[PDB]
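Input: a single structure, listed below in structure tokens.
Letters A, B, ... are given to chains in the order of the sequence lines, protein chains preceding strands, and every chain is numbered from 1. Worth knowing before you read on, the calculation uses all heavy atoms, side chains too, and leaves out hydrogens, waters and symmetry mates.
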Amino acid sequence: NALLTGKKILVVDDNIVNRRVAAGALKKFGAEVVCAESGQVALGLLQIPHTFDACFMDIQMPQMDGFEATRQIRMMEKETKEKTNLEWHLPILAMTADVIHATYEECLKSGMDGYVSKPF
Amino acid sequence: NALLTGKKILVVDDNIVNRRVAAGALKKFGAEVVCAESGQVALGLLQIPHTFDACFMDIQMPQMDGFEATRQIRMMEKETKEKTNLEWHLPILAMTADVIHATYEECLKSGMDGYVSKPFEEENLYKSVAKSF
Ligand SMILES: [K+]
Ligand SMILES: [K+]
């Protein structure tokens with residue numbers, strides 16, 4: 001509960017800056033981190049059984065986005081449930097930062113002066 | 001005498017709940033509020049010269065979104081500056097909540113267990129230096 005020692009985290013992101021920064025953040029608390037740059041690579045790493053304890057899922061990726069990739073992880077797990085009678089549920093947290101920042105850049109680009117924080 | 005007393009706010013939003021909430025809230029601070037359901041209505045209300053002190057701009061609207069409408073509010077001001085030399089710069093604040101809500105609803109629908117709001121900050125950020133050749 002204080003450190004991530006003994007945990008293995010999958011970071012999926014198609015931005016090399018995100019992959020490097022997330023991994024260093026998680027490694028500073030002792031996580032073993034594996035990075036994937038695409039949904040296909042992530043699905044290949046998540047063949048059941050795998051040893052990952054949690055996954056950070058970039059929602060915006062070409063060819064397969066994070067929603068699709070998640071849908072297929074859940075299909076993989078449902079298949080395993082049916083054939084092994086054990087329930088696999090990898091924790092998956094979406095990484096949305098790049099949808100929100102892109103949104104803020106179009107606001108500024110269009111000429112808006114700011115935005116409402118925690119808006120109406 | 002309340003905080004926005006004497007101020008007139010244009011709320012542009014195509015969702016009736018936001019219009020009702022934004023306007024009620026702003027009126028409690030003493031603002032006179034006008035609501036618009038579309039960018040075209042907003043552009044019509046912002047004929048220069050106008051009496052609006054601020055504008056809240058829904059970024060996601062059919063037919064004309066808030067970026068477009070903003071883009072044309074700025075052309076109006078630039079045209080005025082060019083032709084009259086008078087400086088108009090309406091304050092425009094983006095309303096982005098419903099884009100974040102939809103994204104968050106899509107995460108749930110796909111099967112994710114949650115989301116990270118704030119991005120990963122890097123540790124030694126202001127610790128970098130400019131090194132000279
Ligand atoms: K991305
Ligand atoms: K909207």
Could you pull out every donor-acceptor pair under 3.5 Å between side chains of residues 54-62 of chain B and any protein atom, sequence neighbours left out?
from    : atom 1 : to      : atom 2 : distance (Å)
B:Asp58 : OD1    : B:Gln60 : N      : 3.3
B:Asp58 : OD2    : B:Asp14 : N      : 3.0

Tell me whether [X] contacts the main-chain N or O of [Y] through its side chain, where contact means a donor paired with an acceptor under 3.5 Å.
X	Y	value
B:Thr103	A:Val99	no
B:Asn124	B:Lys127	no
B:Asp113	A:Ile92	yes
A:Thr80	A:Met76	yes

[X] atom [atom1], over 12 foreign heavy atoms within 6.0 Å:
X	atom1	answer
A:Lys83	NZ	no
B:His101	NE2	no
B:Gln63	CD	no
B:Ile16	CD1	no
B:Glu122	CD	yes

Exercise for review: Not counting sequence neighbours, which residues clear salt bridge (charged side-chain N to carboxylate O under 4.0 Å, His left out) with A:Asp98? List them please.
Suggested key: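 Listed in chain order: nothing, the list is empty.
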Got a second to check how far [X]'s [atom1] is from [Y]'s [atom2], nearest 0.5 Å?
X	Y	atom1	atom2	value
B:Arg20	B:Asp13	CZ	CG	10.5 Å
A:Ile100	A:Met95	CD1	CE	12.5 Å
A:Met112	B:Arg71	CE	CZ	8.5 Å
A:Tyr115	A:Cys107	OH	SG	9.0 Å
A:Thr70	B:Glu106	OG1	CD	10.5 Å

Review point. Salt bridge (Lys or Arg N to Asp or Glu O under 4.0 Å) between B:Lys109 and B:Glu105: does it pass, once the steps are laid out?
Key: CA-CA 6 Å; B:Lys109 248 142 53 177; B:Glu105 282 200 352; 5.2 Å; no
Kindly work out whether a path of hydrophobic side-chain contacts (I/L/V/M/F/W/Y, heavy atoms less than 4.5 Å apart) joins [X] to [Y].
X	Y	result
B:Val12	B:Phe67	yes
A:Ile73	A:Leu86	no
B:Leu4	B:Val11	yes
A:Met75	A:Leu90	no

Heavy-atom pair with the smallest gap, counting every atom of [X] and [Y]:
X	Y	value
B:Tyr104	B:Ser117	OH-CA, 4.1 Å
B:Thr96	A:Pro119	OG1-CG, 4.2 Å
A:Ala25	B:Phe120	CB-CD2, 3.6 Å

Practice item. Give the intermediate values and the outcome of salt bridge (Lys or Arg N to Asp or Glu O under 4.0 Å) for residues A:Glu77 and A:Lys81. Key: CA-CA 6 Å; A:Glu77 296 173 334; A:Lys81 180 63 180 169; over 6 Å; no
Less than 3.5 Å apart, which donor and acceptor atoms pair up between the side chains of residues 29-52 of chain A and the rest of the protein, not counting sequence neighbours?
from    : atom 1 : to      : atom 2 : distance (Å)
A:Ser38 : OG     : A:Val41 : N      : 3.3
A:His50 : ND1    : A:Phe52 : N      : 3.1
A:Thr51 : OG1    : A:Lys8  : NZ     : 2.4

